[PDB]
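Everything below concerns the one structure shown next.
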């Protein structure tokens, strides 16, 4: 890696010259460099622990031990970054001296004093200095970022390894949870990282302050000292204010997150919601919640207003009160223009320190908190790194207090089938997990030679977020026949058909979390597939289904078939393999009788069984409102148009002081002129604050109404998370941190134009050099927008699977400890951790390369503006604007490009306008061939199917073919359709929610074509086969409607046997329906929906195929509700198990992908005959 290029990043050239042609992948990203490989960085830091193992006063480690480690860990390279930061800031001060030396020499008409003569000389010295000044600051930024990158994994590995020695009794799910270590990755690493991003500056920024003060003092003196203290002492007002901003952010998330959870609630069961036709109330609850969310973001704006304001006003507010003190209150010194310009030059320089200092103080304190949160975590209880026998042990599920099981001996040699049974809890999975060694074995011995002289599945499912076949893999090689000898041997093929892509589907997170009869079944699959010797399966009949338990007996018969002298030692509860078992159970509350033979046992007990241009107009010009957007224009214009003009006065009035109406009268004019922008800047801060507040209020209102009427076929076709990705991230983008980018950029780019416009007006042949120059400025930017985008979205796709690895590492901790797969997963830890760090490198690479290449360009401006500006002799005050803006180009094009880059990312959120607005269909009501129709009630259950020819999506295949059917009042049609072509296709279709390609549907006599679907589909009962539990209040779960009752609400739900089962409600008839059906049953969950079906008062309850019913007695109570509570209408008995066809009134077995036969009466035909089959 070559050194002057290691200065200015020349290796990035061919990278980005690559990047204009091809898009960029992780393959286009590289290997890690030798030191940047994370395990090396981990390696040195463990040595730093061993170094302070020599100290060992109280070595938990602890925080005092940590920072003594970390300083001697990374500090040498940190010193090098600090040294460049110092020397650069020192030459940061030298430029102002150069300005002073020019104008002082140019008020006029070998020795070093003579060598200090010429503005030729001093300007060239200025240029050649300001190369280094504008270079070593981008060394010192760089190396410090290439320090925190080397922090990241070298912390994260220590974290992850302590997870590899973590113990799990109550602490692992109590005080600290998966989230509580997850944010500890997600925050406290970055708290450390941004600390070491800023760690030089806390050493150094006050030295920049004090030497800025002293090099102001040798310009004015006591007027310097009285002027400086505003800008010095007023920066911790930012430390006051941003504290309130953090307080507002705490107010933000605490009010946003539950709302977003309720948005996910409204979105997940959106099909049932529009099936309930309940978009209005469900959206209205989020709408009035949003009113308070806006009221919180109101203060978020009021906080973020003055941050900008005091960041911008206090420069001028210092500079004027500095000068009026030098003019009025003191009046001693003559005021040269050289003074007056370079005074402002330092004033421009010193702020870019000063309003980072609060963020420094914040981050330093936050990280010093976070190291304690790291430490007091990190010194918690380890997991005691130290045939299947147990020789008389004393095990404890607890840590070293009260034991759980003593005197426990067991033995399981090879070639053996053994379960363990008893009472749950005491062996919920307990004694098997005690065999794992995941308990405080206070005494006794145990033998596998597993550690020193292994498969498992947990009683809770801990799957992985991957492909389903990859979840079946669980760090395995491939054998697709053996996989067919597993997956088909598990019979997950129906669940694989329920998956959209089967073996290539999306298991874990972002997928339908099915039952353990799928999920834990897939775990038992990866268990059996694992090609291990000994297995420990856990009570899978509790997770299985009934016929799945029959297949689980068959899977046990495939297990022992697959047990080619294996040692699978399961445990269960049922009496199924109580006949078929090699050895026996032992659990009463501890060691029950042994595994040998139930002959001499108590078996009687067991025998009981480019850019985005128009999108900104879609942001603003469609939604801003014109008058405030015009104020956003004009206030931005007229602020800077008087700001640089205040500097234009600030030269020439002192040029008259260099000469000699009244200049003291000129000064108070200038004073109030400086006060004018000080007045304006408040309205400038209030503009974008109020603007983005109004923008996001209507934008979120619009997207709410946009999704509020969309058809359900879309939502089945839409991946629901891709919608909520527009609601979670993009909304918070548009609210919390969209417009500050704009307010920065509108402050930025005008000043970028403006300083050029000044130096143009100074020298009329400036622009002749600018025109080749700004070419280069543009073409570097034009390449740059490609790269910084592709890095930034790369970043976005990178640390997310990194912490996803953590979450699975938390949850499936036990099972990887069982497989002893830490070596695999520490490797695959790195395999992400690397790709984070190398992406972060190339991000922070072009983060440097851009501005340093643009910075030399800015320096070229300086010299050219100087050399042109020599001819003002051939006036002299008007030089001083040139010099003061020549040096002030840099922070401008620093931000003026980078923010324009990040605006493109900020626009990528509001790209989802088209995902919202353009996607719009399905006017629900409003067709309405009558305006007057009280047959939304109907007392006549004679529906009709007037040769209705429906298509599914009007895309691939029809559902019917001219079905000229009808219905009779009381004719409860037992629905019998195709096993894979027409099952659900006649209920939501009967709610007109599909592409009925021909044929009408007469309802209460009249066709349902032009009728209010909001009125029709809400006054029609349908108890579908999805668990519909709207979280909230109990009356809100029961009756969130207009004519809500409590007597009838307590009547039919007692007829549903829920208002008497939950008669001990916490709030009674207005109780809280907490968690959306996590405390109530799975059966009364639907019985409350049956009471809602009573509440519609048109009880033609179109039920669905309730294939997941736990109690068949509860389904018989539902049959009693079909008997007693269904008031003799056309119950469309959709049945995946045709057992419920036993109560047929007038069925229509319309099947084989078609309309087979009207099944009434006595139709025990080839489906009802094969209903037993």
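Residue numbers (my numbering): 1 to 1173. Beta carbons: idealized from backbone N, C-alpha and C, even for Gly.
Find out if the Cβ-Cβ distance for the pair residue i, residue j is shorter than 8 angstroms.
i, j, result
"residue 945", "residue 1135", "no"
"residue 461", "residue 549", "no"
"residue 307", "residue 242", "yes"
"residue 941", "residue 913", "no"
"residue 1200", "residue 755", "As shown, the chain starts at 1 and ends at 1173. That puts residue 1200 outside it, with no answer to give."
"residue 1021", "residue 1073", "no"
"residue 198", "residue 374", "no"
"residue 1162", "residue 1149", "no"
"residue 695", "residue 623", "yes"
"residue 96", "residue 342", "yes"
"residue 38", "residue 830", "yes"
In this structure, how does DSSP classify residue i when only helix, strand and coil are distinguished?
i, result
"residue 937", "coil"
"residue 1176", "Residue 1176 falls outside the range modelled here, since the chain spans only 1 to 1173, and no answer is possible."
"residue 1183", "Residue 1183 lies beyond the stretch modelled for the chain, which goes from 1 to 1173, so this question has no answer here."
"residue 1184", "Residue 1184 lies beyond the stretch modelled for the chain, which goes from 1 to 1173, so this question has no answer here."
"residue 930", "coil"
"residue 405", "strand"
"residue 801", "helix"
"residue 1072", "strand"
"residue 976", "strand"
"residue 1169", "coil"
"residue 445", "strand"
"residue 424", "coil"
"residue 848", "helix"
"residue 134", "helix"
Which residue wins for smallest C-alpha separation from residue i, given the options the options?
i, options, result
"residue 401", "433, 385, 442", "442"
"residue 525", "492, 570, 364, 505", "492"
"residue 607", "613, 690, 418, 578", "578"
"residue 346", "1123, 151, 212", "212"
"residue 958", "972, 937, 973, 989", "989"
"residue 164", "858, 808, 1080, 303", "808"
"residue 64", "10, 669, 368", "368"
"residue 395", "614, 935, 430", "430"
"residue 927", "865, 935, 1012", "1012"
"residue 876", "762, 772, 900, 936", "762"
"residue 930", "1016, 986, 851, 516", "1016"
"residue 822", "161, 501, 832", "161"
"residue 826", "520, 81, 153", "153"
"residue 993", "182, 275, 99", "275"
I'd like the span of the beta strand (DSSP E) that includes residue i, first residue to last.
i, result
"residue 706", "Unbroken run through residue 706 is the alpha helix (DSSP H), 663-708; no beta strand (DSSP E)."
"residue 164", "First-last for residue 164: undefined, no H or E at that position."
"residue 1102", "Element bounds for residue 1102: n/a, residue is neither H nor E."
"residue 964", "963-966"
Could you check where the alpha helix (DSSP H) with residue i kicks off and where it finishes?
i, result
"residue 998", "Per DSSP, residue 998 belongs to no alpha helix (DSSP H); it is in the beta strand (DSSP E), 995-1000."
"residue 946", "From DSSP, residue 946 is part of no alpha helix (DSSP H) but of the beta strand (DSSP E) over 944-951."
"residue 792", "767-796"
"residue 389", "No alpha helix (DSSP H) contains residue 389, which is instead part of the beta strand (DSSP E) from 388-395."
"residue 1174", "Outside the modelled stretch of the chain, which goes from 1 to 1173, sits residue 1174, for which no answer is possible."
"residue 315", "279-324"
"residue 498", "493-498"
Practice task
Specify whether the segment 1061-1069 and the segment 1095-1109 touch according to this definition: at least 3 beta carbon pairs, one from each stretch, less than 8 angstroms apart.
Solution key: Contact between the segment 1061-1069 and the segment 1095-1109 is absent, because fewer than three Cβ pairs lie under 8 angstroms.
Problem - Any 3 or more C-beta pairs closer than 8 angstroms across the segment 692-708 and the segment 633-643 - result: The segment 692-708 is not in contact with the segment 633-643.
Practice task
Spell out a yes or no on whether the segment 948-964 and the segment 1111-1118 are touching, meaning 3 or more CB-CB pairs, one atom from each, closer than 8 angstroms.
Solution key: With the cut-off at 8 angstroms, the segment 948-964 and the segment 1111-1118 do not touch.
Exercise for the section: Could you tell me whether the segment 834-846 touches the segment 797-811, using the rule of 3 or more Cβ pairs below 8 angstroms? Expected result: Counting Cβ pairs under 8 angstroms, three or more are found: they touch.
Problem - Validate contact between the segment 528-548 and the segment 451-460 using beta carbons, cut 8 angstroms, 3 pairs - result: With the cut-off at 8 angstroms, the segment 528-548 and the segment 451-460 touch.
Exercise for the section: Evaluate the contact criterion for the segment 218-227 versus the segment 324-342: three or more CB pairs, one atom per stretch, below 8 angstroms. Expected result: Three or more Cβ pairs closer than 8 angstroms define a contact, and the segment 218-227 meets that threshold against the segment 324-342.
Exercise for the section: Answer yes if the segment 617-633 comes into contact with the segment 284-295, meaning at least three C-beta pairs across the two stretches below 8 angstroms, and no otherwise. Expected result: Result no; under three Cβ-Cβ pairs closer than 8 angstroms.
Exercise for the section: Flag this pair as touching only if the segment 645-659 and the segment 710-718 have three or more C-beta atom pairs under 8 angstroms; answer yes or no. Expected result: Flag = no, the segment 645-659 and the segment 710-718 do not touch.
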